[PDB]
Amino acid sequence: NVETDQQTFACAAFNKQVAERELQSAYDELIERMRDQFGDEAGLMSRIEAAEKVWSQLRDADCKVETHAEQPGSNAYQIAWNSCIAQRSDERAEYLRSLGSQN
């Protein structure tokens, strides 16, 4: 199934792109929300950018664990990798949305 089905493969790649675009939108909107509540507060935007950088490193480290049993480059590996990236990105997007609403 995942080892051979074109739509499973194509949609895993496609949904990773959608999840990444939605995360970028969430990040961009958090910056604007934080600026609305706090102005360009000293260190704030740099701290948000630094955290997001470390997050992207974690995302990749965790996806290397989650996909450890799959063969790099295989259909199954790409689907697993892409699903992991999408899910992790969705969860990060939710977290960034939640931060803008801390009053």
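Just count from 1 along the sequence shown to find any residue number.
As recorded in the PDB entry, 2 to 10 is the stretch of 92 to 100 and 2 to 10 with the greater mean C-alpha temperature factor.
Ranking 61, 69, 54, 34 by the C-alpha B-factor listed in the PDB entry places 69 at the top.
Per the PDB record, residue ranking by Cα B-factor puts residue 26 in the middle third of the chain.
For residue 83, the recorded CA B-factor ranks within the middle third of the chain. Only modelled residues enter the ranking.
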